[PDB]
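Chains as they are written, first to last, in this note's numbering: chain A, 1 to 416; chain B, 1 to 107; chain C, 1 to 107; chain D, 1 to 122; chain E, 1 to 122.
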Amino acid sequence: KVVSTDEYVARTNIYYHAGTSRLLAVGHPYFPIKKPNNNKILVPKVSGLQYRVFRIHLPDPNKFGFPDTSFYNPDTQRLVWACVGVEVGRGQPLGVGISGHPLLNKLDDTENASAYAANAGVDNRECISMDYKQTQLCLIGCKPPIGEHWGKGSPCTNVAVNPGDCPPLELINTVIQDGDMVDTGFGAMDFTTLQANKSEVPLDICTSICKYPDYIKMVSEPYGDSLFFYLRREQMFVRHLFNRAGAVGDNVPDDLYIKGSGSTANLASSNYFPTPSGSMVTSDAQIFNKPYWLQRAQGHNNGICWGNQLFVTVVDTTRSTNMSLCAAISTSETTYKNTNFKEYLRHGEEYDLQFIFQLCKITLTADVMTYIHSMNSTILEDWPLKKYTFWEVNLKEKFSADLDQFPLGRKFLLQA
Amino acid sequence: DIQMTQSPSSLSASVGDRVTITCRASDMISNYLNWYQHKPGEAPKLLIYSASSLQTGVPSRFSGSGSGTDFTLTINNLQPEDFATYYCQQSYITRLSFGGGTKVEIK
Amino acid sequence: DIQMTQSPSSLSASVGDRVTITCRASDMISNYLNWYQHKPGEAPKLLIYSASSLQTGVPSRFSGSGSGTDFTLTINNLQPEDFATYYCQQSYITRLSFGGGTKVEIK
Amino acid sequence: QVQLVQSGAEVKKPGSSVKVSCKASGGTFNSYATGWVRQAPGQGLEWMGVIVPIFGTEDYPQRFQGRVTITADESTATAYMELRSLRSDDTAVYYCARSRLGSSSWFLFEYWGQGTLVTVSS
Amino acid sequence: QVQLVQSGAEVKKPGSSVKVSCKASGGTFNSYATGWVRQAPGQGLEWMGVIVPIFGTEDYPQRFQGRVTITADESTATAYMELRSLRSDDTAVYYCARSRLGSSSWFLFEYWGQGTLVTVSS
């Protein structure tokens, strides 16, 4: 049986403030820039539709230097931090970014048509761009988040598999890391393994996995450590309706239509796909630059940061403007030529985080020791995530008890 | 399907003559007609497609014309290598069909 | 890539004759064929591009025609300055390639 | 250029099934539409079926539905024709007709096989 | 009009690298596409590589990838070709072909260099 943390955790009246100064990231919005001979990255990939996972490290309160010590007994008490307030400051102006493919697989525009496509070609690919759906989300926890996507499965060995067959599909749960791609209006699938022509989705997702958070599995966890708080807001609509070009994997049944003649002797493509569009960004619909108070979590864990560790996941596509840069090769010409200038694309992104923490103490009795050991063995030993990449935040040297000297501390003292 | 009738079924000609073959469709098939030439011991060989167009590598002495339900093939200045069997083919629907065939012989 | 075959590899002609050179592609390349003329001690010189178009400053006695996988170059009323080596070139893909080359000589 | 090569002559008994192949040898083909024709001794040409893998088309005449199957393999560029429930009137010469992608229509059958003789008798 | 001038003859030992230049002299060029060709003693013409700085194209044949580099400088309008790991079969005459912006296609190579002789021997 799982019990709430409010039973075996005692909260004191000591509060601390923590915060980062400013985080910046500048890079190419579509692909990394790499040296031709080498494999070392010169310009990383920074996009507005990437998961931002911050892993925050806290001081050990047992070894922390407090002006007063009489409030607890080190012989039978142990200390831990609790989160009571978070703000995610978000710079840059509001904007919308677009992406596309120079060789995207589009056959025809089927929204309105007046002639029939009676002849097939060798290459019908086009240069198409669009803007993605609108999404904001924030997740806070003490364990890394969990996402889901569609991937290939293991086929049965009863019958053989011929080239060109439909791959089998299964649903896969993984851990979201820093730099992953969010859904853009095409689904949560592995585009590298489920698409072979490399020309069906834009350039920044054509060789990546799009993942969606697994809210149902996260909230059903018995201990509720992976999610203390979450906000989400997403929207989209359809702008264009197209076809796809290729060979027909599955034929239309003969009892759904009447055969034609002349131009309509053969059938056109039935692999319709839409073009997504986020509508419009406004200041009134923003979930950032606002303080969140963590009064009572939904799960049994109520903001206790076991292991001196915090995880913050952020997605915000409402500031995704890409900047165009131009450099002149030769300036000794008074008439414009296309070949005298070079074009570049850049994206910059700005972050700020600030937190209010409360000090708690735990009495280690035999029953409490047994329960905590059953919950997590490493906690007692201290008194794994080495193959994942997160944005590391080190707050071991940024705490202050002067709570009213900071913007978030003033609000915290004002609400109470 | 569509039935096609080819006339005549046999004719005799001499070198340097003009030969015409008429082809009739059971329905309106626009210009979806092709003409094929077949010799004994060889595969059929395409001459005219879409009832007017001439296949590459074919002498200009062959011509074809028609539309609707009536079509015709004309051969001017007959040569010794033109003596073969000629077939219609409709391609209006994906269930294609052939004509009866006309055999050209030596007078 | 695409391999190209040029025929013949050598021929002899006299002043005032007609000379034809055939060129064959390993795949369908539409009309993306060009013809080049090369003389000893000089750089190659373009004559025909896109298999039909004539380069500016080239005598009209040169002509070219073809499409798909078959192309041909024709020279009418051969002059003493036409005796050189002629090359095909496909430009269907950005990995261009040349033919074998045909050398025209004096009978 | 490209040449289509067919399998050898077949001798079958009534009630059996036969299968004929058609392979493109020279160059790279990238087929467009495949069809089969036949000629009986003393008769004309009879269309027996067409497949156009693009547009997903597969059509056979009414008198032949249920006994004829036409298949194409793009990895090896080989066409196959299957006849079931052979009869004594199926003794004929069979021809493979194919069209290449990049042409102006699907019915420009410019490539033909040499023909295969099939004799159904006891 | 415009004339392309190439560097002088080169004598190299096996295992070394060579670099050849191609400068446009008359008028203002505003190049479009650059390519290099070669001819061996007693052989035909061989394409060795093309770059089209607009559209961002850079392509070499399979037999030459890893040893050939083609570069263009627009400030001085000069093309450069780099060969690495020279062999005794690289003794040949090299030609510089260039196309000018404003023409109807990228493959209208109307401007050619005089050719440079490269001898790789010990």
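The beta-carbon is built from N, C-alpha and C at its ideal position, and this holds for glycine as well.
Could you work out which residues of chain B lie near residue i, taking near to mean beta carbons separated by less than 8 Å?
{"i": "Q3(D)", "result": "Going along chain B, no residue has its Cβ under 8 Å from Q3(D), so there is no contact; the nearest lies around 11 Å."}
Are the beta-carbon atoms of residue i and residue j separated by less than 8 Å?
{"i": "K133(A)", "j": "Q195(A)", "result": "no"}
{"i": "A33(D)", "j": "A77(D)", "result": "no"}
{"i": "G65(A)", "j": "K398(A)", "result": "no"}
{"i": "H101(A)", "j": "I128(A)", "result": "yes"}
{"i": "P44(B)", "j": "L108(D)", "result": "no"}
{"i": "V52(D)", "j": "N266(A)", "result": "yes"}
{"i": "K12(D)", "j": "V93(D)", "result": "no"}
{"i": "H300(A)", "j": "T275(A)", "result": "no"}
{"i": "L23(A)", "j": "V315(A)", "result": "no"}
{"i": "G95(A)", "j": "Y292(A)", "result": "no"}
{"i": "residue 420(A)", "j": "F412(A)", "result": "In this structure chain A extends from 1 to 416, so residue 420(A) is not present and cannot be described."}
{"i": "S261(A)", "j": "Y49(B)", "result": "no"}
Distance check for residue j and residue i, CA to CA, integer angstroms please.
{"i": "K107(B)", "j": "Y87(B)", "result": "21 Å"}
{"i": "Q89(C)", "j": "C96(E)", "result": "16 Å"}
{"i": "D178(A)", "j": "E58(E)", "result": "34 Å"}
{"i": "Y15(A)", "j": "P144(A)", "result": "25 Å"}
{"i": "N30(D)", "j": "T157(A)", "result": "31 Å"}
{"i": "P32(A)", "j": "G91(A)", "result": "24 Å"}
{"i": "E42(B)", "j": "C210(A)", "result": "58 Å"}
{"i": "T74(B)", "j": "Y32(C)", "result": "35 Å"}
{"i": "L47(B)", "j": "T20(B)", "result": "15 Å"}
{"i": "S374(A)", "j": "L294(A)", "result": "26 Å"}
{"i": "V20(D)", "j": "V159(A)", "result": "25 Å"}
{"i": "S60(C)", "j": "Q37(C)", "result": "15 Å"}
{"i": "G48(A)", "j": "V88(A)", "result": "16 Å"}
{"i": "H17(A)", "j": "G153(A)", "result": "48 Å"}
{"i": "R319(A)", "j": "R232(A)", "result": "16 Å"}
{"i": "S17(E)", "j": "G101(C)", "result": "30 Å"}
{"i": "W36(D)", "j": "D73(D)", "result": "15 Å"}
Taking residue i as the query, report the chain C residues whose CB atoms sit under 9 Å from its CB, ordered along the chain.
{"i": "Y95(E)", "result": "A43, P44"}
Anything in chain B within Cβ reach of residue i, meaning under 9 Å, just list it in chain order.
{"i": "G262(A)", "result": "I29, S30, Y32, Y92, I93"}
{"i": "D59(D)", "result": "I93, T94, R95, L96"}
Among the residues of its own chain, which have a CB less than 7 Å from the CB of residue i, if the five just before and after it don't count?
{"i": "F237(A)", "result": "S277, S279"}
{"i": "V201(A)", "result": "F186, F191"}
{"i": "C22(D)", "result": "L4, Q6, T78, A79, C96, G113"}
{"i": "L78(B)", "result": "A13, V15, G16, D17, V19"}
Can you pull the chain A neighbours of residue i, defined as C-beta to C-beta under 8 Å?
{"i": "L101(E)", "result": "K337, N338, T339"}
{"i": "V52(D)", "result": "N266"}
For residue i, return the contacting residues in chain D, with the cut-off set at a CB-CB distance below 9 Å.
{"i": "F98(B)", "result": "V37, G44, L45, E46, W47"}
{"i": "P163(A)", "result": "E74, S75"}
Apart from the five residues on each side of it in sequence, which residues of its chain come closer than 8 Å, Cβ to Cβ, to residue i?
{"i": "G8(E)", "result": "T116"}
{"i": "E110(E)", "result": "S99, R100, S103"}
{"i": "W150(A)", "result": "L169, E170, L171, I172, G187, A188, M189, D190, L194"}
{"i": "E10(E)", "result": "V18, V20, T116, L117, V118, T119"}
Mind checking whether the beta-carbon of residue i lies closer than 7 Å to any heavy atom of the ligand PLP?
{"i": "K337(A)", "result": "The ligand PLP is not part of this structure, which contains no ligands at all."}
So residue i and residue j are in contact, right, with Cβ under 8 Å, and what is the actual spacing, rounded?
{"i": "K361(A)", "j": "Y8(A)", "result": "Incorrect: roughly 11 Å between the Cβ atoms, too far for contact."}
{"i": "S269(A)", "j": "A245(A)", "result": "7 Å"}
{"i": "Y30(A)", "j": "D204(A)", "result": "5 Å"}
{"i": "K45(A)", "j": "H28(A)", "result": "6 Å"}
{"i": "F273(A)", "j": "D109(A)", "result": "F273(A) to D109(A), Cβ: 12 Å. No contact."}
{"i": "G56(E)", "j": "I70(E)", "result": "Not confirmed; about 14 Å, so no contact."}
{"i": "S85(D)", "j": "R67(D)", "result": "6 Å"}
{"i": "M4(C)", "j": "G99(C)", "result": "5 Å"}
{"i": "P61(A)", "j": "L359(A)", "result": "6 Å"}
{"i": "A51(C)", "j": "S26(C)", "result": "16 Å between Cβ atoms; not a contact."}
Name, please, each residue of chain E whose Cβ falls closer than 7 Å to the Cβ of residue i.
{"i": "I329(A)", "result": "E74, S75"}
Using the beta-carbon of each residue, which ones in chain E are nearer than 8 Å to residue i?
{"i": "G101(C)", "result": "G44, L45"}
Residues in its own chain within less than 6 Å of residue i by CB, not counting five upstream and five downstream?
{"i": "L103(A)", "result": "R125, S199"}
{"i": "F83(B)", "result": "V104"}
{"i": "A40(E)", "result": "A92"}
Taking C-beta pairs closer than 8 Å, name the residues in chain D that residue i reaches, listed in chain order.
{"i": "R24(C)", "result": "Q1"}
List, in chain order, every chain B residue whose beta-carbon is nearer than 7 Å to that of residue i.
{"i": "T28(D)", "result": "Here the premise fails: no neighbours, minimum Cβ distance about 20 Å."}
{"i": "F109(D)", "result": "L46"}
Give me the chain D residues within the contact set of residue i, using Cβ-Cβ distance strictly less than 7 Å, ordered along the chain.
{"i": "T69(C)", "result": "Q1"}
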